[PDB]
>>> print(open('model.cif').read())   # mmCIF, N, CA and C atoms
data_work
loop_
_atom_site.group_PDB
_atom_site.id
_atom_site.type_symbol
_atom_site.label_atom_id
_atom_site.label_comp_id
_atom_site.auth_asym_id
_atom_site.auth_seq_id
_atom_site.Cartn_x
_atom_site.Cartn_y
_atom_site.Cartn_z
ATOM 1 N N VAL A 1 -24.785 -17.045 16.051
ATOM 2 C CA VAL A 1 -24.989 -18.215 16.901
ATOM 3 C C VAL A 1 -26.351 -18.138 17.593
ATOM 4 N N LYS A 2 -26.627 -16.954 18.132
ATOM 5 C CA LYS A 2 -27.882 -16.676 18.825
ATOM 6 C C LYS A 2 -29.073 -16.924 17.891
ATOM 7 N N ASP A 3 -28.935 -16.396 16.679
ATOM 8 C CA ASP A 3 -29.954 -16.528 15.646
ATOM 9 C C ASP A 3 -30.227 -18.005 15.342
ATOM 10 N N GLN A 4 -29.136 -18.748 15.203
ATOM 11 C CA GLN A 4 -29.185 -20.181 14.932
ATOM 12 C C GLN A 4 -29.954 -20.909 16.033
ATOM 13 N N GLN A 5 -29.616 -20.551 17.268
ATOM 14 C CA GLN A 5 -30.245 -21.117 18.458
ATOM 15 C C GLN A 5 -31.756 -20.878 18.426
ATOM 16 N N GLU A 6 -32.104 -19.635 18.108
ATOM 17 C CA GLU A 6 -33.497 -19.203 18.012
ATOM 18 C C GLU A 6 -34.252 -20.052 16.982
ATOM 19 N N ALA A 7 -33.605 -20.222 15.834
ATOM 20 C CA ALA A 7 -34.146 -21.008 14.733
ATOM 21 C C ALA A 7 -34.428 -22.444 15.181
ATOM 22 N N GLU A 8 -33.444 -23.000 15.879
ATOM 23 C CA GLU A 8 -33.523 -24.355 16.416
ATOM 24 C C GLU A 8 -34.728 -24.493 17.343
ATOM 25 N N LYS A 9 -34.861 -23.502 18.223
ATOM 26 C CA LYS A 9 -35.967 -23.432 19.174
ATOM 27 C C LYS A 9 -37.324 -23.419 18.475
ATOM 28 N N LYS A 10 -37.456 -22.523 17.493
ATOM 29 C CA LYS A 10 -38.695 -22.392 16.734
ATOM 30 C C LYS A 10 -38.840 -23.516 15.708
ATOM 31 N N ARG B 1 -37.012 -19.640 8.065
ATOM 32 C CA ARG B 1 -36.356 -19.282 6.815
ATOM 33 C C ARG B 1 -35.792 -17.864 6.882
ATOM 34 N N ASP B 2 -36.609 -16.961 7.416
ATOM 35 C CA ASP B 2 -36.227 -15.564 7.596
ATOM 36 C C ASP B 2 -34.976 -15.457 8.468
ATOM 37 N N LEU B 3 -35.005 -16.207 9.564
ATOM 38 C CA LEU B 3 -33.900 -16.258 10.518
ATOM 39 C C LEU B 3 -32.612 -16.711 9.824
ATOM 40 N N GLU B 4 -32.758 -17.765 9.029
ATOM 41 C CA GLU B 4 -31.655 -18.340 8.265
ATOM 42 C C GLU B 4 -31.045 -17.290 7.333
ATOM 43 N N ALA B 5 -31.935 -16.582 6.644
ATOM 44 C CA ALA B 5 -31.556 -15.526 5.715
ATOM 45 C C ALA B 5 -30.739 -14.448 6.435
ATOM 46 N N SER B 6 -31.251 -14.059 7.599
ATOM 47 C CA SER B 6 -30.617 -13.051 8.440
ATOM 48 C C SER B 6 -29.200 -13.482 8.819
ATOM 49 N N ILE B 7 -29.102 -14.743 9.225
ATOM 50 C CA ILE B 7 -27.832 -15.355 9.617
ATOM 51 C C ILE B 7 -26.832 -15.280 8.467
ATOM 52 N N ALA B 8 -27.322 -15.644 7.287
ATOM 53 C CA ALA B 8 -26.526 -15.633 6.061
ATOM 54 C C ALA B 8 -25.980 -14.230 5.787
ATOM 55 N N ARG B 9 -26.876 -13.255 5.922
ATOM 56 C CA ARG B 9 -26.552 -11.850 5.719
ATOM 57 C C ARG B 9 -25.424 -11.422 6.666
ATOM 58 N N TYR B 10 -25.592 -11.813 7.929
ATOM 59 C CA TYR B 10 -24.635 -11.512 8.981
ATOM 60 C C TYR B 10 -23.276 -12.075 8.647
ATOM 61 N N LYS B 11 -23.276 -13.324 8.175
ATOM 62 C CA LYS B 11 -22.066 -14.033 7.760
ATOM 63 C C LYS B 11 -21.273 -13.217 6.760
ATOM 64 N N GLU B 12 -21.907 -12.633 5.744
ATOM 65 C CA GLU B 12 -21.184 -11.859 4.760
ATOM 66 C C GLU B 12 -20.463 -10.670 5.401
ATOM 67 N N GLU B 13 -21.188 -9.999 6.296
ATOM 68 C CA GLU B 13 -20.650 -8.866 7.042
ATOM 69 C C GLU B 13 -19.418 -9.281 7.840
ATOM 70 N N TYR B 14 -19.559 -10.421 8.510
ATOM 71 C CA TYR B 14 -18.496 -11.008 9.326
ATOM 72 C C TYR B 14 -17.248 -11.246 8.470
ATOM 73 N N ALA B 15 -17.487 -11.833 7.306
ATOM 74 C CA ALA B 15 -16.432 -12.145 6.344
ATOM 75 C C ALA B 15 -15.693 -10.880 5.926
ATOM 76 N N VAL B 16 -16.479 -9.850 5.632
ATOM 77 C CA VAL B 16 -15.961 -8.546 5.227
ATOM 78 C C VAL B 16 -15.037 -7.987 6.318
ATOM 79 N N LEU B 17 -15.537 -8.071 7.551
ATOM 80 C CA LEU B 17 -14.816 -7.593 8.722
ATOM 81 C C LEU B 17 -13.461 -8.306 8.840
ATOM 82 N N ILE B 18 -13.523 -9.621 8.673
ATOM 83 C CA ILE B 18 -12.337 -10.469 8.746
ATOM 84 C C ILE B 18 -11.310 -10.065 7.690
ATOM 85 N N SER B 19 -11.804 -9.824 6.488
ATOM 86 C CA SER B 19 -10.990 -9.390 5.361
ATOM 87 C C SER B 19 -10.264 -8.087 5.699
ATOM 88 N N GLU B 20 -11.044 -7.157 6.254
ATOM 89 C CA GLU B 20 -10.540 -5.851 6.659
ATOM 90 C C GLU B 20 -9.400 -6.009 7.673
ATOM 91 N N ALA B 21 -9.653 -6.878 8.643
ATOM 92 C CA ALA B 21 -8.694 -7.183 9.703
ATOM 93 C C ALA B 21 -7.389 -7.712 9.113
ATOM 94 N N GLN B 22 -7.535 -8.637 8.168
ATOM 95 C CA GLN B 22 -6.366 -9.234 7.517
ATOM 96 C C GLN B 22 -5.580 -8.183 6.765
ATOM 97 N N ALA B 23 -6.285 -7.287 6.081
ATOM 98 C CA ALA B 23 -5.659 -6.190 5.358
ATOM 99 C C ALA B 23 -4.803 -5.345 6.327
ATOM 100 N N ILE B 24 -5.458 -5.011 7.437
ATOM 101 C CA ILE B 24 -4.829 -4.206 8.491
ATOM 102 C C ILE B 24 -3.602 -4.915 9.045
ATOM 103 N N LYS B 25 -3.733 -6.223 9.257
ATOM 104 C CA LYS B 25 -2.640 -7.052 9.746
ATOM 105 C C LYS B 25 -1.441 -6.990 8.801
ATOM 106 N N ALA B 26 -1.746 -7.118 7.516
ATOM 107 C CA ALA B 26 -0.743 -7.062 6.456
ATOM 108 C C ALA B 26 0.001 -5.735 6.495
ATOM 109 N N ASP B 27 -0.790 -4.667 6.622
ATOM 110 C CA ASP B 27 -0.266 -3.302 6.693
ATOM 111 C C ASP B 27 0.715 -3.173 7.865
ATOM 112 N N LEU B 28 0.276 -3.697 9.002
ATOM 113 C CA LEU B 28 1.058 -3.684 10.236
ATOM 114 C C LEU B 28 2.393 -4.387 10.036
ATOM 115 N N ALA B 29 2.314 -5.551 9.402
ATOM 116 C CA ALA B 29 3.485 -6.372 9.098
ATOM 117 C C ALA B 29 4.479 -5.584 8.249
ATOM 118 N N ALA B 30 3.930 -4.932 7.225
ATOM 119 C CA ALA B 30 4.709 -4.118 6.297
ATOM 120 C C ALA B 30 5.453 -3.014 7.061
ATOM 121 N N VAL B 31 4.708 -2.362 7.950
ATOM 122 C CA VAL B 31 5.223 -1.270 8.753
ATOM 123 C C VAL B 31 6.376 -1.761 9.623
ATOM 124 N N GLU B 32 6.190 -2.934 10.223
ATOM 125 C CA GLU B 32 7.151 -3.467 11.177
ATOM 126 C C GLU B 32 8.514 -3.654 10.529
ATOM 127 N N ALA B 33 8.498 -4.218 9.322
ATOM 128 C CA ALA B 33 9.716 -4.445 8.553
ATOM 129 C C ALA B 33 10.448 -3.127 8.305
ATOM 130 N N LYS B 34 9.661 -2.127 7.907
ATOM 131 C CA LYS B 34 10.182 -0.786 7.639
ATOM 132 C C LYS B 34 10.863 -0.215 8.877
ATOM 133 N N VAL B 35 10.178 -0.372 10.002
ATOM 134 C CA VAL B 35 10.664 0.095 11.301
ATOM 135 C C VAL B 35 12.004 -0.558 11.639
ATOM 136 N N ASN B 36 12.065 -1.865 11.409
ATOM 137 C CA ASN B 36 13.266 -2.652 11.647
ATOM 138 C C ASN B 36 14.440 -2.127 10.798
ATOM 139 N N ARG B 37 14.125 -1.876 9.537
ATOM 140 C CA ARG B 37 15.094 -1.366 8.577
ATOM 141 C C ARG B 37 15.476 0.068 8.927
ATOM 142 N N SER B 38 14.448 0.857 9.229
ATOM 143 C CA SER B 38 14.570 2.280 9.496
ATOM 144 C C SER B 38 15.461 2.496 10.691
ATOM 145 N N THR B 39 15.283 1.712 11.748
ATOM 146 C CA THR B 39 16.098 1.835 12.947
ATOM 147 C C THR B 39 17.577 1.603 12.627
ATOM 148 N N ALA B 40 17.822 0.560 11.839
ATOM 149 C CA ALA B 40 19.167 0.211 11.400
ATOM 150 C C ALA B 40 19.803 1.376 10.630
ATOM 151 N N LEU B 41 19.011 1.942 9.719
ATOM 152 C CA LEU B 41 19.486 3.064 8.915
ATOM 153 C C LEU B 41 19.832 4.251 9.800
ATOM 154 N N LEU B 42 18.985 4.512 10.783
ATOM 155 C CA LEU B 42 19.203 5.588 11.741
ATOM 156 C C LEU B 42 20.525 5.391 12.473
ATOM 157 N N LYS B 43 20.738 4.152 12.923
ATOM 158 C CA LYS B 43 21.953 3.762 13.624
ATOM 159 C C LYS B 43 23.189 4.046 12.763
ATOM 160 N N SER B 44 23.080 3.635 11.501
ATOM 161 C CA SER B 44 24.136 3.818 10.515
ATOM 162 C C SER B 44 24.481 5.310 10.374
ATOM 163 N N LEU B 45 23.425 6.103 10.259
ATOM 164 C CA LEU B 45 23.551 7.549 10.121
ATOM 165 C C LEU B 45 24.271 8.158 11.323
ATOM 166 N N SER B 46 23.878 7.696 12.503
ATOM 167 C CA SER B 46 24.479 8.129 13.756
ATOM 168 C C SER B 46 25.977 7.832 13.771
ATOM 169 N N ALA B 47 26.297 6.612 13.349
ATOM 170 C CA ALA B 47 27.681 6.149 13.255
ATOM 171 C C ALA B 47 28.498 7.064 12.341
ATOM 172 N N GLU B 48 27.900 7.365 11.192
ATOM 173 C CA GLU B 48 28.406 8.345 10.235
ATOM 174 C C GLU B 48 28.230 9.820 10.671
#
>>> encode(input="model.cif", output="structure tokens")
Amino acid sequence: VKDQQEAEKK
Amino acid sequence: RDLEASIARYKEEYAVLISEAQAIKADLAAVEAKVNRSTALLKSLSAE
């Protein structure tokens, strides 16, 4: 989930 | 893309873990039945 969030951010 | 790949990788691990858990659950279930039966048998033996 965290990774996904990060991806979304970038 | 790298992040996505990482996520995908993690997912497989997660799946594996889940599978393991289910296996363990099944084992537990199996044991419980035995215990239920075993107790009854013990009782029977005591009676005898």
>>> atom_distance(input="model.cif", atom1="atom CA of residue B:10", atom2="atom C of residue B:28")
28.0 Å
>>> interface_residues(input="model.cif", of="chain B", to="chain A", cutoff="7 Å", atoms="all atoms listed in the file", output="VMD selection string")
chain B and resid 3 to 4 7
>>> atom_distance(input="model.cif", atom1="atom CA of residue B:35", atom2="atom CA of residue B:17")
26.7 Å
>>> atom_distance(input="model.cif", atom1="atom N of residue B:39", atom2="atom C of residue B:24")
20.2 Å
>>> select_by_dssp(input="model.cif", residues="chain A", states="alpha helix (DSSP H)", output="VMD selection string")
chain A and resid 2 to 9
